[PDB]
Protein chains: 6
Amino acid sequence: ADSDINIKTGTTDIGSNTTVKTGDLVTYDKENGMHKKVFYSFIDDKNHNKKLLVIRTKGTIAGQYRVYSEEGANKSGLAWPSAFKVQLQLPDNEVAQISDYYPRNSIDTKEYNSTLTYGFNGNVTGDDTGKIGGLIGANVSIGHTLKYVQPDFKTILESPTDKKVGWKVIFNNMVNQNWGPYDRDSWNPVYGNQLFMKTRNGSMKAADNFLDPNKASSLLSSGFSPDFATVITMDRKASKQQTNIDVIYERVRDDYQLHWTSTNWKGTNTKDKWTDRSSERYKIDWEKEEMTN
Amino acid sequence: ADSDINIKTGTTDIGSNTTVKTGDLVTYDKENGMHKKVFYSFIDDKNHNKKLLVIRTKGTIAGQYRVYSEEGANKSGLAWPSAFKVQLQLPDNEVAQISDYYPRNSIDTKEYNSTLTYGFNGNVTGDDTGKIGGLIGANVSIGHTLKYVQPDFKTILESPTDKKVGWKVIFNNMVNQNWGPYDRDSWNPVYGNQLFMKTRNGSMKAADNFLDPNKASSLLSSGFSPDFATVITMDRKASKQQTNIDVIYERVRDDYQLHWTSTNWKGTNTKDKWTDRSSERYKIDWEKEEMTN
Amino acid sequence: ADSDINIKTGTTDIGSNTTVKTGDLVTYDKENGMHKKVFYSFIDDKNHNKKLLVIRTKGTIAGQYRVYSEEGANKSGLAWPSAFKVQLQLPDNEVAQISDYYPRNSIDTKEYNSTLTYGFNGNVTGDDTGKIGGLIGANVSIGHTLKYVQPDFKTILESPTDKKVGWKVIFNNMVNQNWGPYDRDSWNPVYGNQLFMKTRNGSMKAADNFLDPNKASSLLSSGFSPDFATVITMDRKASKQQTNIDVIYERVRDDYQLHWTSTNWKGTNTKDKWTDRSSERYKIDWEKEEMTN
Amino acid sequence: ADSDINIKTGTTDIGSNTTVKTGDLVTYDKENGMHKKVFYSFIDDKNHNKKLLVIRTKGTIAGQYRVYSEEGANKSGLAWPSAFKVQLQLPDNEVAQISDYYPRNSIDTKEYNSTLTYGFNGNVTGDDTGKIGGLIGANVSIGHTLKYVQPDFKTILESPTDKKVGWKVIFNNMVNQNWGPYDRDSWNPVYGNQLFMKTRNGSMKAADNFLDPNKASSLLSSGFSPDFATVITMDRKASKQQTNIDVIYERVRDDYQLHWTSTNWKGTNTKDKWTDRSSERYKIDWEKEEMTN
Amino acid sequence: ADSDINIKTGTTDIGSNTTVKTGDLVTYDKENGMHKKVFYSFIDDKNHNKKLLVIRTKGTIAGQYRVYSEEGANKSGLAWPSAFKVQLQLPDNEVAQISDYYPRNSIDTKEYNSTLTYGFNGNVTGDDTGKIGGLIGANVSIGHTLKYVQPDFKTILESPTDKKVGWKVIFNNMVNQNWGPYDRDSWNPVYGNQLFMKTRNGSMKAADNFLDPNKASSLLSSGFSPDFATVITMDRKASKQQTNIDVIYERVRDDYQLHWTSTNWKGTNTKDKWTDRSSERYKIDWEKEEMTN
Amino acid sequence: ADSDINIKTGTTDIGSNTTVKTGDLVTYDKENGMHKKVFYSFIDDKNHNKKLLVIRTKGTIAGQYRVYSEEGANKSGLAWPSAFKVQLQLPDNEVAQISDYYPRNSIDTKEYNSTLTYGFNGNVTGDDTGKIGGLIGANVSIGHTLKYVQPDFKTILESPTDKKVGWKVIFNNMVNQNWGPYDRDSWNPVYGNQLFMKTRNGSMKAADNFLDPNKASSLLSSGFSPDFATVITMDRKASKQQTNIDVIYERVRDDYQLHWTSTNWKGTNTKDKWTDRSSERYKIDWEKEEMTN
Ligand SMILES: OC[C@H]1O[C@@H]2O[C@H]3[C@H](O)[C@@H](O)[C@@H](O[C@H]4[C@H](O)[C@@H](O)[C@@H](O[C@H]5[C@H](O)[C@@H](O)[C@@H](O[C@H]6[C@H](O)[C@@H](O)[C@@H](O[C@H]7[C@H](O)[C@@H](O)[C@@H](O[C@H]8[C@H](O)[C@@H](O)[C@@H](O[C@H]1[C@H](O)[C@H]2O)O[C@@H]8CO)O[C@@H]7CO)O[C@@H]6CO)O[C@@H]5CO)O[C@@H]4CO)O[C@@H]3CO
């Protein structure tokens, strides 16, 4: 931080004494169930070597967790969001560049606990007949406990370039009615993957044996609201002061199936079964400082 | 945050050098027990590409946790709030759009603790006769603890569009006199769902064997106070500068019933038995910058 | 801090009453998969004995965790990032100096828990044949629990001089599907190093038995985004007011090999097998207060 | 705090309505591997009874943790930093005085847990022959658990006078691959001091059996970056308005030796074997309000 | 807090619209190893009923933990700081008064954990000879855990008057190499007081069996830095506008003696064997707003 | 909070654009060992319906923990502060009123931990003779833990009226050398009340068997510093613009006595044995805006 290097806070930040032009662009993709919103800001700071555009991709991608197929009371399928994605990309011959973005990938940590114990204990025994007994024994215990936090979904910054940047919020793991956690690869020789299995031996129809969406991650059903920012820089002398940028909102769905084995329920999960992609092109005009779609 | 992208804090925010028109609108629905209040704010920032309206839905929906039926003395039913809802909807022909909203769904997390342990120990017997014994043993343990928070109610942002947005505060689970927690599906073969059961074997009538509201989540009785914000954008060039919007407050009630088996109490819960819907039409005038109902 | 020595906050900071000249310079290295971005700030504060240039090295170095080789189906290798580095170097004939930098090395801590516990107990047994027999016993135990946090990667400031400075974010240790944590030297006689081993006895081919990137540190694949700052001072009277500086972005990759032993999977790790070095020269003009490349 | 004594916050602080003159002085000692940087600030506040100079000593002292000796494959020695020092000294004739400094020594704390627990347990036995048995026993136990944090290195303000002040960052203790923690006096009859011992009885050479620096405190190798402030005051009537002051950066290295005993590795540590002392004289001109070396 | 009584924050503080006169006075007492610094501030706020002088007593009192006594290879003495004191005193004739001071005494707390646990447990036996066994027992446990923090030294505000005020930072207790903690009265029938004992029975001179100062509170050695504030009020109409005040920095040292008992080390601690007192008279001129010594 | 009700923060606070008159009044009662200080602030905000006076009662009441009687080595009594009090009272005929005060009584809380655990365990014995048996058992355990903080002294706001308000800082309970905690009612059939007993069976003068004041709450000896505020309102039309108000500082002391039984020490505590009351009248002049005594 500036203070660590003996500099007045904010001194090197950009935007002071600059008339900032902002804008909101909302698009709703009915078929893909995605509310796409771009909030932009043109920052042409004259003490900065380039014009800047801050593009904030927000809105929300519906989870769309749902029973899609019910082919018999013994077999049913559930489609669910295993990944949400937002991507911005500048066409190959664009002189403008991707300069920054937030959030980014943070280093995860884990707490380690190592414990060593050992003790002693005696024991004088006896009975009515008169037998006087005794005992002496030692003991040693060594063990460790590993602690770490696991978000239901991971927010990851995809390897960016000067033309493209993106984030993917992927299903990590989840607790099912206090059990697990389970993930996309969880497997029980008897029950298979119990990720969204409501009951193991219940008697209802397969289509009714899936976990209640309210008892699972809210992102699965109601959806995820992106809140990403990317800064694009542009040379004032660049010959073409108009830039095109394509934005992808995406949802990757897995297929979780339940079938009755005549004795109990067994679940299966198939990865990236479906993919819903909504693309939108925005036009950036660095002279009028406006962004449209 | 702006700091992470080397930009002066608040540089890209909307509002500066703008006269903002605010307003308050209160409506009490007696039949539905809802105090409905709209706090609005027009922000027509000329450096922003569109007119903006921030609508904050507040007030409070009474819980109405009450004993409604009493078929005799050994059976009675309790009406309780399993969900509170607030929705705003723009008629499909409006050019104005829902651009943002808050709160949104946040990713839940859980803490995982893995523990491994190994031990050694010796034992040396004894007794008056002069018999000396021995003992050498080992042990291994591989247990793990899972930790997470469980709010009595979850605040969920429903999948929005550019015309409709809503929230639902749904009952999640609750503690009943230190036991449980219990939820809408809890089931014991003997006592059924004990969600709001005061006693297991009391000799009182059914109507008097429901948990005292003061010992349950206060939202169940006194109520929930929404505090949601919806942002609506409007083209300044739009021919029609008036917009209609409907705001709906709802309460979904479950039916928790108790009956005497002959030896103990047994409860059952019927989901979404009743639904109290309170809708209201508001007029938004982007030119006068006022909202009326 | 200033307040700790009775001095008004901010009093000794640099930057006040100074027009700061900032700039952004972006470079993408396709071959090495590195998005390199320099954010600089020239601070020529006249109450300071020197001109300053704050150089923030950001961008993102792709992790590139991937299977690079596979011989048959029982042998395969995985290239992964064990180190990410950023270095700045001023030529020996330069009069400009490296004055500060951030972050720096933090002093690690650990928590200690010492446990001592005494205990005694009485006992009395008996049978139908009226046999009375008591038991008196005692016990002690010394325990020690050690606690500390372990980041997946450590961020380290390398020993700087007045002409060179660098940082290295190195792989420390990582949790593999709840087990471990494992590091570059972990070794088990039967399984070898299980760092990125998916299964111990799986029947799939080697290339398919590597931990899924989504289930490992996000730096390994998507990558690491540097956020380091370098401060360079320049004498206003130096004959030469132009400085060249070389910035280097690197990725050191280890080679994690898996092979079937006819009975189970066994892995090995080879350190620093590959090094991707991306260097670029920038020109610093202290007079025009601009940096170019 | 000032609010505790009903005084407007910052009212007694120094620096308002004063032009502060600052400066940076960087020196790199190659022989001792020390990047030395002085950041000074002259505050001649006229409502203060004396002139003020704040000298911040920063830069970085390399750790220099390295294998220095190799006599065969059974013996080897490691040089490592047990202390990093920074000292400032005014020659005794100077009228100027050291008035303040930061950081200082803080009172350390510890947590105490007393656990008294009572216990009662009975029993009933009955073999398949009609024989009955009983058991009644009690138990008591008093446990104590001590908790406190131990930084790898302690940052200490040495006893100052009005002519000299200094800090010493000394090696405290450190975890070795989850064991320990070990310190400079750690001793085991078998392995001796295992402080930096990689393996107890590995087959490699002595020079290859030292802990990976990356697995040890980063200060040991990469180095320590001082961040100390010294405040010096000066009478305005002082006849002589120039002051000399020496600044010494120091590193004390221990000698850690490992030798093969023919059955297992044994470690030995020799304290303060080497001292690297880098001294430099600066000139303080209270009139020109500048510092020079 | 002002906001708690509906008053704008700071509305009540003293000092606004007032030119404050500050000063620094440094005195080094070599024989007593005390860096004594007074930082004062005169606040003559015309809207306040009296003149204010805020005296801050800082600097640092050297710890001086040392093996000063050596009476052969079986006897040695360590002199250590059991208390540090700072006192300010106005003569009985003075009209100026002590009005406020900081820090003050804070109410300590303790955490209480009351645990009650009980349980049952079945058990069936059976040898390959047809003999079946049974077992049924229960248990009850009642135990409490007391938790609290123990600073090495306690900072205490002595009972002030309108003429004198003072502080004392007294040794509380301390952890000795993972054991204890020990205080000034710790007594063991075999080892006596092990406060600063390094080994129970190591074979070395008595002068070498004392705890390394680096392994004990740094206040014992390097020293304590007072940071106490005293506010003295003066009536603007008082005949004499000059006040004398005596400031005393003091150190009380205990004597920790070690001696071999033919088999082990035994320790004793003598309280307040030495009291190092450093007093200095200062002159306060309320008309000139100057403090001198 | 103002923000919670959509109002600009601080918008409703009192004191803006108002000249505030403040003052200090110091009184030392040697007989009662009480430093009494009043810090007042007249706030006559013309946009507020009444004149306002903020009276801050501070200073400090000496604890006075002391051995007062010694009737032979087997008997001795200790006087200690079981309560400290501060009260302000306006004679009944005053039109001025006590409007607010701080601190107030806050709702205490506790943490509840209910643990449910059940398990199974198999076994198989054996003897070189050829016998092969086994033991199968189960177990259950319901245990709960209660957590809460217990300050040594409780700061309580006494029931106020519009003519009188007061606080009491009463002794709650205290840890005695890691045992207890003890309070005024603690009673042991063998030792009686051990609140301040140094040793249970110590062979020394009774007057020397009281706990060292440094090992007990510092309020007991050095004392408590009141830091209370009282706001008084006054009608501007009131015909009499002078108000009298008495401030009482008080200390209540218990009597803790230790007598040798013959085999051990036994303590006894007599509640509210003594009461030291220091009263003083102040004159409030709402026109001159000053407080005098
Ligand atoms: O009996 C003394 C103890 O009693 C009280 O504790 C009760 C507690 O307040 C209740 O909430 C409940 O606890 C349950 C807990 O809430 C559950 O989460 C679970 O616990 C698991 C842990 O979550 C999990 O991480 C792992 O735990 C391991 C630790 O992570 C690891 O650090 C180590 O623990 C050692 C401690 O580090 C060390 O300090 C020392 O602990 C002593 C305490 O510091 C001391 O205060 C006192 O504890 C009181 C406690 O304060 C009361 O509130 O004595 C302790 C001595 O043991 O030693 C620890 C042991 O080595 O190891 C642990 C175990 O591997 O696993 C656990 C489950 O095993 O379950 C809990 C039910 O036990 O009940 C407790 C007890 O009544």
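Sequence lines set the chain letters: A, B, ... in the order given, protein chains first and strands last, and positions in each chain run from 1. Just so you know, these numbers use all the heavy atoms, side chains as well, and skip hydrogens, waters and symmetry mates.
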For this session: Give me the contact list for residues 247-254 of chain E versus chain F, heavy atoms only, anything under 4.5 Å, ordered by residue number.
Result: none
Problem set entry | Counterpart residues, ring pair (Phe, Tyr, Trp, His ring centres under 6.0 Å), relative to E:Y118 (two or more places apart) | none
For this session: Report the residues that fulfil salt bridge (charged side-chain N to carboxylate O under 4.0 Å, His left out) with E:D246, sequence neighbours left out, ordered by chain and then residue number.
Result: E:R281
Exercise. Considering only heavy atoms, which portion of E:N173 lies under 4.5 Å from any heavy atom of chain F: side chain, backbone, both, or neither?
Worked result: neither
For this session: Provide the full list of salt bridge (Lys or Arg N to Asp or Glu O under 4.0 Å) pairs with a residue in residues 23-34 of chain F, sequence neighbours left out, each pair given once.
Result: F:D24-F:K37
Seminar exercise, completed: Honestly, the part of E:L157 sitting under 4.5 Å from a heavy atom of chain F is both
Exercise. Of the listed residues (E:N47, E:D127, E:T117, E:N121), which shares the most heavy-atom pairs with chain F below a 4.5 Å separation?
Worked result: E:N47
For this session: Among the options E:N113, E:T109, E:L135, pick out the one with the most heavy-atom pairs lying under 4.5 Å from chain F.
Result: E:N113
Exercise. Side chain, backbone, both or neither: which part of E:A138 has an atom under 4.5 Å from a heavy atom of chain F?
Worked result: neither
Exercise. So what's closer than 4.5 Å to chain F heavy atoms on E:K168: side chain, backbone, both or neither?
Worked result: side chain
Exercise. Are any of the side-chain heavy atoms of E:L116 and F:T145 separated by less than 4.5 Å?
Worked result: no
Exercise. Are E:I7 and F:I43 close enough that some pair of their side-chain heavy atoms sits under 4.5 Å apart?
Worked result: yes
Exercise. Pick from F:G137, F:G33, F:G119, F:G130: which one has the most heavy-atom pairs with chain E under 4.5 Å?
Worked result: F:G137
Exercise. Using non-hydrogen atoms only, which part of E:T125 is less than 4.5 Å away from chain F: side chain, backbone, both, or neither?
Worked result: both
Seminar exercise, completed: Applying a strict 4.5 Å limit to non-hydrogen atoms, the region of E:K154 in contact with chain F is side chain
Problem set entry | Student check: side-chain heavy atoms of F:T155 and E:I107 closer than 4.5 Å | yes
Exercise. Given the options E:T161, E:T11, E:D183, which has more heavy-atom pairs under 4.5 Å with chain F than any of the others?
Worked result: E:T161
Problem set entry | Region of E:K8 in contact with chain F, defined by heavy-atom distances below 4.5 Å | both
Seminar exercise, completed: Whatever's closer than 4.5 Å to a heavy atom in chain F on E:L146 counts as side chain
